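So here's one chain in two forms, each on its own in structure tokens, numbered structure 1 and structure 2.
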Structure 1
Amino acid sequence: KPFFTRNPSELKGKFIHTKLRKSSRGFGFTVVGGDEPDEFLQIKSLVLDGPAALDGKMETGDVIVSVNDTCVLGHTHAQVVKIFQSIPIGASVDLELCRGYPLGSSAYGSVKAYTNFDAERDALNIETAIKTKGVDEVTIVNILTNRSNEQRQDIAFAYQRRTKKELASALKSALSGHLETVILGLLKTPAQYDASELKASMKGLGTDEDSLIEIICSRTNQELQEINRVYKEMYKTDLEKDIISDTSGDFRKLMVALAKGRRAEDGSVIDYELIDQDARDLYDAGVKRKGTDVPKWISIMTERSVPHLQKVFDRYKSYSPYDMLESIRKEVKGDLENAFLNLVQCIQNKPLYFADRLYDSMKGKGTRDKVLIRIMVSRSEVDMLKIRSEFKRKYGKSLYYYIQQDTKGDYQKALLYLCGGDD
């Protein structure tokens, strides 16, 4: 139940006022909202080379508070769009916008966008900490870990305007150890951070197969489509090329198929007949006959939608004495097995999958900091609340507790801020 009100005095964000005159192609932005009884009308997007964007005051996620001295808090979608359309070309409109209530936010992340956001303020305070004799990592950790990734991008731009030096380079020189790894990962976008880890897993002639399997098997179509574009712009090489160069056999086929991000979107109606047939094919290709038909497994597990495959794996238990996970361990082995096991976990329960990976990175001597840092950074704005839920439900204690006992220093503080308290 998102926040909503029709009295402007009860809003928490900041207020901005713009005055836009309509051009030939409108005001140059998209309005979203006004569906459910209490939906705020929010700025969906901007149109660059347009009246609203060239003004610069309007940004996405903004909430419309007043249109030409008439409050629209609570007005339906069709009412506020007829206002903008009744305006003639050349006439000016006065928009009051509130910045603080976000859009496109996952309700299951642990780190939320700062309500009283100020990019120039945080850029100044971080500069101070960098040049502080001793580096106030405390300040740097308190700021960046309590900002959203898009807010952190605005910190880097504001820091570059006032210092002419990129924040990633300045923080790479003043920090050290695992704390440097976490901060540099938080500064990158989700696509930039995943693309960098993928290249790192394929550096050298060897391959970190675990990091490659984790990212490829757990990312959706939209995330993979953005990673492929960013990876090609960063390293001048398509991700599929470096995957072929560092993988082979059926393992290569599976990773190439998954990395395409062309999995079928979830259909409106449930295909119960295809659910039964896909289960029969998975059983006839593996446990029933001797050997294994790996291509048939790759086709079904990569092309079908996630909700469909969930019902497929449940129907698979009707044909096979072993479930999908136990079938994988018996039929295939090696890198192909680890990739299939990771894929099925992400389909059945992805938050549970990241919980086990977190527990595996800390249960033994030392800490697999590479796996622990990547998960706490990439899933912080996605499903961290669900991972914490599945974690304490299974392991009794909280994820905050395990990070506490396996990490120390500011590196511990940074990861605890990304967790969001003990469950």
Structure 2
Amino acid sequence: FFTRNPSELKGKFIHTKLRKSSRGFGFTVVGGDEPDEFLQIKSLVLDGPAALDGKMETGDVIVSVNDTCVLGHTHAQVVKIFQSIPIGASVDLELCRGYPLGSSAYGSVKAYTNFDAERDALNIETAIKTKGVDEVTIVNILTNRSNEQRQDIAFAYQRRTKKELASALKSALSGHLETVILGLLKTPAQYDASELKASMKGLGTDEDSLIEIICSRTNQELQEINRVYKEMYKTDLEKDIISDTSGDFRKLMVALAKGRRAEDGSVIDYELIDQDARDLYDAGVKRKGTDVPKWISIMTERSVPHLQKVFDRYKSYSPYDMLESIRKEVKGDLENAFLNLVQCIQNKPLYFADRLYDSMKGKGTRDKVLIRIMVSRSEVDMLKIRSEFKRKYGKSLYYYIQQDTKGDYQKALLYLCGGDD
């Protein structure tokens, strides 16, 4: 939720007067790198003038600066205002509290307010070394902390025990719960890199997990994954993909994995929307055979909002929509990859909602899929996933998880889910 009107903000307003000392006002701001996005306080230097006042907290939307509304201004416009203020002069800030964090706006797992990594690390150490292992405690803590907070916890645990938290939980847990907790302990890029590597272990590759991750991750996420993957495994992700795929499926996975998709522009390119749509039709349903490189080129290179509009314009040219045309034109891992891809383009939360439903709908559970989605999307779009799940399937994601999993494993997944619908 965003609004550049002070008359449409619902939270409480806070007026504050700050004098810029030698180390700045003493706070970090986040947001504003988008068209419509707020500007919220990230951290406060506990020895700076911002924390001295004590009336500014993390998550406060900056409504105005020096009698000028900064709601809707970019990140560089309001940073230049505070930096132009010399040392010793005053600034006036009207803030707004009641909004989350912008980044984790649609996640189910939020940063824990009264966070204390040392107290958490001790409590996890005490749970581990309790006779029979206190898994409930380990679960209650790690699933109600942000990934950032789980990194501080593992650092404090390592400082206290001289042992790695991940090693200790490995030896204390087992089964699906172990998979969940260890997954949560990795950073988003670390987790995705290790899931990618596992999908390519052995001679046979897990094309479903490879497709799910490569097709759903953004440019920014794929950039970091490529970086951390070479760090962890001493090889480029691209090479491992080249080694474990072939044909047009390899072409599509390599192109997507680069994370070089064009960024969403400011202008809608209507001529290109129509031309791209025409090109997708001519390359497939219109003709005998398929020009797959043309599909690959358009679907990996255009920005997502652009491709959403070409898929709608594509319906003007083809009697089948993009998904139907994929099933008609192409088969195998290539068909699966294209289907996963344009689902992620069209409605990514619905894509994950359907993947979750498929993992539980029948006999047993595809736990690797369920666990990976619950872990990797809990701080991204889990609230949207739950809204699409409930709308389409008529019962909550929570309800399905509860039916399909049991034990502390279930409790961990339910916490990552964040509640019923």
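Here, rigid core means the biggest group of C-alpha atoms that superpose within 1.5 Å across both forms. FYI, numbering is relative to structure 1, first residue = 1. Residues that one form lacks are left out of the comparison.
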Taking the better superposition fit per C-alpha between the two structures, does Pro102 end up alongside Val182 in one rigid part? no
Fill in the domain rotation here: degrees turned by the smaller rigid part against the larger between the two structures. 67
By how many angstrom is the CA atom of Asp38 displaced between the two structures after fitting on the core? 14.8
Using a rigid core fit, what is the CA shift at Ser389 between the two structures, in angstrom? 0.1
Per-residue Cα shift, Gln85, between the two structures [Å; core superposed]: 6.5
Which residue ranges, three or more long, have every Cα moving by 2 Å or more between the two structures relative to the rigid core? 3-106
